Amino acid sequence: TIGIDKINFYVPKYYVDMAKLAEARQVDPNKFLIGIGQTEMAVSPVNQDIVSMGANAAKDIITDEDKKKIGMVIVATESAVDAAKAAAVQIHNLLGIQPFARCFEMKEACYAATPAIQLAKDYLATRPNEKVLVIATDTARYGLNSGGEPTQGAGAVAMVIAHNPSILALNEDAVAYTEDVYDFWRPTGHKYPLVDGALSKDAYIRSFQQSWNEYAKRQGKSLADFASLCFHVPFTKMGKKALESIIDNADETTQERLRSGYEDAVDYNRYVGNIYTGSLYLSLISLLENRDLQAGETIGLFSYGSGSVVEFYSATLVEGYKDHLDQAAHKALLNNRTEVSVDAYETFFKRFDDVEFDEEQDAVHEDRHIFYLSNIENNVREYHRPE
């Protein structure tokens, strides 16, 4: 088997309170907390871009041996800082991975970390001693006072894909569905997505149902065959609308289990917000750490990207996987953040658009142990390495 061997995330060290953002925006707090299903929104300091967050997610799981064995670094992003130079190259450099490796970005809105991991697995079929690093890294920034704003977030997920993986085998059953639609897109020149709010909800649910139905059909499986489903999470309620749309005809045991998995799966996302390519895979971590699935059980995964493309595949838990997740570490990482007011979040938002550094506001002296964007000079990003 080949699958997810190691996996970790990172989010920036600040968040804003969703109840507070709501007061600021003239809406009932419960519209965000219950209606949208989000409790705290990640806030980007200028000193984290996609590369640092990316390196940060990666640095704890890659050992000196991985550096030697990794044959591709693949970055999944719709928040690119270059039109030509792949983020994969800088991250590859920051992590000191061996030179004989393909580095590149993949792009298809929030979908791309899926083709990255699936194709890492196909890559490794005939290269058994090698490994692949796939990083999802993104900043969902819709604009201040926008329709999208409540669902904003930022972070990254790192997966090391390998033979005989310690966490999840990726099964050979992925099926993909593409349908050209204008739910969401960001033409060059645009800081913020164009978004058709209602259409995107429809597009998502259609994409899921087309993918699921076809998957069920090719594999002869049904919902009863899954311990849990895991969904791309633009906001926790979205995955729920989509699940409820296909589970009406499942029996009661299956509904109780899949609904409940779902709750476990969106536990982290609630405190972070949408992270585009990483959202699914963040929800995967949340699931694995908050639920107690047994080795041998099967997870159904739904990956969506605006525009649109969706995919459903399954993955099977490996024995002892619990030993390869860091629940306490991911809880420390969310709890240890610092709340900022709505005014402070807005300052941050405006600084981030223009990349206006301020070492005192980003409080960079705190970041001695992480990678961070320290400066731009002659149009080249400079990074601080972990001390």
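In case it trips you up, residue 1 is the first one in the sequence shown, and so on.
| Comparing 64 to 72 with 45 to 53, which has the greater mean CA B-factor as deposited? | The stretch with the larger average C-alpha B-factor is 64 to 72.
| query | Mean C-alpha B-factor higher for 130 to 138, or for 244 to 252? | reply | On average, C-alpha B-factors are higher across 244 to 252.
| Going by the deposited entry, which of 270, 85, 102, 201 has the highest CA temperature factor? | Reading the PDB entry, the winner on C-alpha B-factor is 201.
| query | By its CA B factor, does residue 77 count among the lowest, middle or highest third of the modelled residues in the chain? | reply | Ranked within chain, residue 77 CA B lands in the lowest tercile.
| request: Tell me, lowest, middle or highest third: where does the Cα B factor of residue 371 rank within its chain? | output: Middle third by C-alpha B-factor.
| request: For residue 153, return the chain-relative third of its C-alpha B-factor as stated in the PDB record: lowest, middle or highest. | output: Lowest third, going by the recorded CA B-factors of the chain.
| message | For the chain shown, is the CA B-factor of residue 186 in the lowest, middle or highest third of its modelled residues? | response | Middle third by C-alpha B-factor.
| task | Using the B-factor values recorded in the entry, state whether the Cα atom of residue 98 falls in the lowest, middle or highest third among the modelled residues of its chain. | result | For residue 98, whose C-alpha B-factor we compare with every modelled residue in the chain, the answer is the lowest third.
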